[PDB]
Every structure is written in structure tokens, then in C-alpha cells.
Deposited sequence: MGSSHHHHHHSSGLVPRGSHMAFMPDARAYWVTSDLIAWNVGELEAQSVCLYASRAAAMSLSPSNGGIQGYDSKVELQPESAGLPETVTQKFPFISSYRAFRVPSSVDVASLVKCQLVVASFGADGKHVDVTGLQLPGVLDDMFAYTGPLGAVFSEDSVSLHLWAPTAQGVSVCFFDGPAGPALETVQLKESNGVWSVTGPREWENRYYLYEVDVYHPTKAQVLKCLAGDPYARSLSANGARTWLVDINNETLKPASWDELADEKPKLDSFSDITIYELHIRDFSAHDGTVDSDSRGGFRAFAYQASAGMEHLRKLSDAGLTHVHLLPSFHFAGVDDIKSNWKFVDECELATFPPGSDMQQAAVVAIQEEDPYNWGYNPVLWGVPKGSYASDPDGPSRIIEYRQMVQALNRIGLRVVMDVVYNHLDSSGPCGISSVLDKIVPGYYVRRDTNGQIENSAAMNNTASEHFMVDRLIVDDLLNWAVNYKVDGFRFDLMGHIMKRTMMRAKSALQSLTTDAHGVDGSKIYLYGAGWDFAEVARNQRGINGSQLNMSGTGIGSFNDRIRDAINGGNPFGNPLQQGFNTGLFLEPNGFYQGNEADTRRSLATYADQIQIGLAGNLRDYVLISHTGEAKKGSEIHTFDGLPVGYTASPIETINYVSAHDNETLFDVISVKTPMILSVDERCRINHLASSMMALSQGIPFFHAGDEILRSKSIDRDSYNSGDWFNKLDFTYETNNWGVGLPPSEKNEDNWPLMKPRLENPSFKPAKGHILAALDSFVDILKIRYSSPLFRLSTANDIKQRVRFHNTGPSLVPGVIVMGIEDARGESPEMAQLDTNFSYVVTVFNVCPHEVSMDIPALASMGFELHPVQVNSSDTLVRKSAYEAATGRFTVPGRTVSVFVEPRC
């Protein structure tokens, strides 16, 4: 977009950072060449507080008054410049468009008894018509003019318009082309589409033929959720789930329908996890995104049997995958086009109703096996901008409004590309309207907000209120149980609240909305995903087992290990700002007083429900891969498997909300791909036969990985690094056991900061702490005249020992001596021979824990 350094902030005020200012307008975009010239006098009252609160980054700008004689509604449809006498620049219009034309009425389609209405917000447009098609691929049948009122274009037609397909013909000034262009655009409020969103389907989302059997009774069948503190999350990509599952019919692999195959290997796997206690599945982007063709017959994919013949450390597999990666069935989907419609490529038929019905059937099916469904929502950026292409919708209709721009008028791209501006009224409105669409129309149980730091906190909080007030009687869903969390990363143009108070980790403290705890992730794994890949952490051999490629000294690494242990313990106690820990110096510190290496407070939340504890996710290296990179090369795969289990167990037995990447439980590899978003089914394989974990399938794609190929190649080629079926199955068995343990006692899932401060203590702390061991005790009411509520009818105390040392340790804890501790019944019965050797001795309060083991001890009541 061109140079635009001035802002039209309200109907009567323009803001521009100058030290004789005039406004020029041309309806034909001919600019000399203007239709209208207007002198702007300096406004001695300056910018109102409402303006500076909305746009903090321009609070220093001088104010200029637009005379009340000006027809603002007409001028915003023109090419506009302001001039200072000579400096000429364009005008950024969102302020005035909101001030004059903010609209809360119906958008998209409204169905009444005898009519269908369409409304489009397009306040800068010179004309809007609707072009109707009979059929998803047929020719235009008729064009109907819409009428404008206050920036909204509308038309009401007969009920027979239902199930037509349509597009809007929008005549609008596009700054990138310096022309008024006739753009063919989909409906921002679309609820279904033809293939690839080429046209919008004029569907009544409430139509009974779009509901699976018993859909209206789904609320009655949903899994009970007593508390947000009972949540565990499993993060899964829809295509990954079934792309390689031979127990699913070829036709139904990779999409929504595979979730309706009860006895498939995949659904049996999810059943196993759900029955162990898993509560929520977080599905990667499942709305209309670009980068995958909805027409399956257009897909190109490599012969996997061919690629299997190539050497494990070769660059040939990735070259083959990359050659057709833009035309294959595969993308994570963080490329938003239209938020309110299910992705067509995941439907059996991308035209008509199947994408709606099959999405609903997926939610129903997951609910019926005991899993609530979370959507990964991506409101922070758009795939495309500008007037051209099927994949640009929002910016095609109202250019320069839905996207955030810098102070020169250029689109901000920190999110990926085409950052949105949730600070603008109709963007905020669309986001919340979309969330309510998914909650009511699809009965979705929660939302993970991609780049939540790019979203205004006021949008997050309004979304929370709107969702959690939905009721079964009025909306068919219990909104009180809908859970929100997100990745509250604070960077680029939204950092330091520059565009308003944003959804950063620190800003979302005390909101009851969760955020990913990167502190526990980095302390466990070591380093960070964008630092040195060989930097070790608490669970990857720092100090105890140096890898010999990296390091510092060993008083360095001993203290570095202890520093990481402190960070982990704060996270294990819900990552609270006010939780007090005896730190490794011996000084007692609040969680917020302990800092990361970038000076960030480690603990920042006001509640465990605000913490999403993780070591792995779709981004960056899988758990198995990060362990395989960072640990000494000489470790056996058997040892690394125990290390995998330790990491996932630290999550599963933490206070807060545990988050697992799909495949944590089965040693999933991507052959060390750090960003597999476009790396195809080959690198992203999820193998529910358990025969392979996808280690050693070639060097991963060069685009994101080539700099690290030298460390990857020898490991990928080393047969000693590759697990067998037995290892994979053992990992799954111990994973399920640890989930069962979490759900065996309410003590692991405390619901408030007060409860955690009262009940949770760590017993291996201070300057003489034993390296590589964390001991965590959780107390319940005991004796007559109890001190606290009794939460657990079975156990009066639980102790977890995490031992990352390669050798057995004995921890003597006097505070826990002379008690009735025994190994947890689940671990007494474990298929793992080692954990069964764990023991407690009352005389000394001694907990004996084998090397590379997590041992859970319980004090039974009576």
C-alpha cells in the first residue's frame, strides 16, 4: 500500500505528525486532478482521549479539524491525500470508518419466513451488487444491485434465494493499484462455500437437513467438565490423524469423516487416551484456509514407497516433497481466508452441505468418546490482501481496514503476513461473531488463540463473556464450560502495548484465559527453539550428561541446571506470580521474582487455569526429536525413551493445564523438522500401527532446516537412534498410566492459587540441592480438626519424584518421614520393570527412585 502517514481518526479530526494543511479528494482516483479541496484548520483542543486510547502510537500527532460542511460519507469513497505546504501523503481511514459507520446489525444472510436479506459492510465502496449462480460451478444467472445506508449495503429477496451461490461485485478504491476496481468478493460472514471459496453458498445454517442425528441433544451427551482445572489437551492435525490409517476407507482418509470411524486404529487410540482421562482435543486450523485445494482430484503427492527406498540421511526425500508441496494435500492451515466455514479439503464433497454436516459429525463423534473439541483459531493475520485472487476477501472489500498498517501505511507482517487489526471495531466484531458461530452452530468446546499477543485484550475479554454466557435453553450449549487459551507472545508492533493493551502473557494474568508456558518448555528441553540446537536443559542432560558439542564450565552447568530446576518447579506449581519457592541460592522468591534469561518473570499467572504447561507442540522439534538432538549421541534409544516419558510426565503431573503434542505418547518424529507446516504427509506421518515413529526418513526440508543438516544427518543415519515397535508401545503404555495417575487424585488438579500455596511444597531445594531431582508434595486434610478442605477421599498426601539422573537416587525428607506412603497402585502394576522398584521407608522418610524415572507415592486413607 502507498505512503499514508496521516490518519482520519474521527468524523471531524485528522491526525498528522507535522510541525497550512489541506485535504484533496478524487472519486475517479485521478490525482492536480481532485474533485474536492478542503482546508483543515489546526484543532487547538488536540486529539481526544478516546482517540489516544484507541491509537496510542499516534498520541503525539497534531490534530486538524475537518469542517462540518464536508460530506464525509462521500469523501471516504474517494482517493484521498492531505498536503502540508510541500509534503503529500495518503490517509489511513479506520478511525473515521469506525466513528461514522460502526455497525452492529446483521451481516451476511438473514432468513425470515418469506425472505432472505444480505448485508455487507463496505463503507468506502462506490457500488455493490450481488451476482447469483445456480450451482457451485455454473454461470452467473442474475445480478442484483444493493442499496447503501451508513456504509452498509443491503438487499432483501424472496425465500427462493436460499441455496443459491453468490459473490459480491464491489466497486472500490484500492490504494495498491491507485484505481477504483470492480472486485468479485466472497462474504466475510459466509457459512459455506463452493470449492476453494470461489463462491459463497447462501445456506441457512439452522436448516434441519444439515444436522446429524441427535445433534440438538449433543449438550446432554457432552463429557462432564466440573472445573477448568480438570482439563488436559491433546494437539492434533486433522489430516495427520488418518492420512496413513489403513483401517480407514481410502475415500475418508485425511478429513472430518475419519473421526466417525469408531473402530479405526486412530479412533481406538483416541479412545484409549480419553478413557485414561484426556479431556480435550485441540484440532489444528479447520476453517477456510488457503494452501490446499478443496478438490481432492487436484492433489499431487509423492509415492511413499519410492521415498522409503532412499537413505535415512539423504536430502532426496525433502527435494521430492518440496517439488510438489504447493500442490499436495497438506498444510497446517495458518493461512486464513474465511474464518466461519469448515475447510473444504477435509470434507467428502467441497460443494454443498457435506462440509457442515461432517464437521458436526466430527464434534459429535469426539464428544461421544469422552473428548471435548478445541478449535485452533487464527484471527491475527490473513493469507492474502489486495484486490486480486480468490484467497483475498476482507481486504478486497474494505482495503486497508481489516489489516494493521505501520505509520507509513504499509501492511504489518510480523504474524507471518497481513496482520489483522482487532483494535478496529468491525474486526473485533467479526472475531467474536465467528467464535459464537463455532460455539453455537458447531457446539465447539474451546478455542486456542494463535498469536494471542496480536489480538486486543478487550477482544479476548468480550469473547470470553459472550461465549461463557451461552446457555443450553437459548443456544443449545452450556457456555460456562467453554475454555479459552492462547499463545500470548509479545513482540514486534504490538509489544509494550503500542497498539493498545494486547493479549500478551503478562496482560492476560488474572483473566482466566490460559497461555502457553514457554518457561517450563525451555527449562526442561534446554535453550530455546531459536537458539543453539545443542544447548542442554534439565531433561536433556545439562551438567549430568554433557553432549560434548556445546557447554559452559561445570560449576556453570551445575548452577545452570539448578536455575532450570527452579523455573520448572514454579511451572509445576501452576506458574503463579505469587507462589513462594526456596530458590537454588537459598533465598525464598515469588514466581514472578525468578527470571528467565531474557529477564522475564518466570511465574506470571493468577491461577493454574491460566497456565498451559507444555514441552512440545506442532511448532518446532517434536519431543522425541529434541531429545535425540540434545542428549549425548552415545545414549541408547532405550534411555532416550525414558527421557521422553519423563518430559510428558512432568506435564501430566503439573498443576495447571497439561498440553500434549499428538505423538508425545508414541515417540513421534518428523526427522528433526523444526517447522513442518508444508512438509507433507511424509515428514508429518502419524503411524497408528506403531511399527514406526518416522525417525530416519531423510533430512527435513531445506527452507527451514538446511543450517542444521550437519547435526541431523549423522543422527538420522545412526540405526541406534531409531526405536522399534516395542519402544513405541511401551511409551504409549506408560503415557496412559501417568494420565490415569493425574485423574486418580484431585490433588494434582488444584483449582486455585490459594490451594496451591497451601498444599504444594518442593523438597529438594536450595544451594545444596541434589542435581537432577525434583520432589513435589501435595497435602490434603488429615487427622481430626483438619486445617483445609478434604479434596481426596482416597489419599491424604501425594509425593512425586522426578529423577533425571542416570542412576538411582534416595531422597530423605524429614517432613515426610513416619507416614503411610506407598507406590501408586498404577505404578505398582506398571509394565515398566524399573518404576516398580521405587520405594518409601518411613523411618527416614526416604524415597528411592531408579535412574531416569518418575515415581508417584500416595498415602492411603484408612
| query | finding |
| --- | --- |
| Missing stretches, numbered from 1 on the deposited chain sequence and kept in order | 1 to 23, 43 to 47, 60 to 68, 123 to 128 |
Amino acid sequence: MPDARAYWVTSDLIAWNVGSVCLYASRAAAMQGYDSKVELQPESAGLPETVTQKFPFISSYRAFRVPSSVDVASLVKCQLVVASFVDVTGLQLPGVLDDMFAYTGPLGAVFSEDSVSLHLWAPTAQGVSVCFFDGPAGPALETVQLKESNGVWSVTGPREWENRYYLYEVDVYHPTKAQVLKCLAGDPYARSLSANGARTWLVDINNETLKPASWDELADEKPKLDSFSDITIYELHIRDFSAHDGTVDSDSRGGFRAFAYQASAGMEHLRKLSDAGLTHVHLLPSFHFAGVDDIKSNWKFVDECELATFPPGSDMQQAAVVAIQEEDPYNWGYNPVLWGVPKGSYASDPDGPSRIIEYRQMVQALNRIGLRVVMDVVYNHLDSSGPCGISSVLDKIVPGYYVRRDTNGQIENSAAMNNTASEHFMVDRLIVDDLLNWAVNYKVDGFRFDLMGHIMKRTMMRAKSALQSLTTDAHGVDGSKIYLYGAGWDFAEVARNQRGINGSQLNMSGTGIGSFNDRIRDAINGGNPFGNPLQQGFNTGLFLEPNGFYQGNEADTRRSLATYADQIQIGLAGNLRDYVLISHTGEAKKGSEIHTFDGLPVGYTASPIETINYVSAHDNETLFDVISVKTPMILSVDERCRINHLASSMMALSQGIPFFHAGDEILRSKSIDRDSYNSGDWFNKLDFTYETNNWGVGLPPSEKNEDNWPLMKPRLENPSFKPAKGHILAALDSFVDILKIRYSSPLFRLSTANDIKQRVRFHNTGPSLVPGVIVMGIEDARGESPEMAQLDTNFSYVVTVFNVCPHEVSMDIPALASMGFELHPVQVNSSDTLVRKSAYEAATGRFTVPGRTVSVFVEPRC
From here on, numbers count along this sequence of modelled residues.
property	result
Higher-scoring stretch by recorded Cα B factor average, 542 to 550 or 457 to 465	542 to 550
Mean Cα B-factor comparison, 327 to 335 or 563 to 571, giving the higher one as deposited	563 to 571
Residue with highest C-alpha B-factor in the PDB entry, from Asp673, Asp99, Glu587, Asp406	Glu587
Given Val801, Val804, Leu816, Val809, the residue at which the Cα B factor reaches its maximum	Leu816
Record-listed C-alpha B factor of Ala789: chain third	highest
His475, C-alpha B-factor rank within chain (lowest, middle or highest third)	highest
Chain third (lowest, middle, highest) by recorded CA B-factor, residue given as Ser745	middle
Within-chain third of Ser129 by Cα B-factor, per the entry	middle
For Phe683, the third of its chain into which the C-alpha B factor falls	lowest
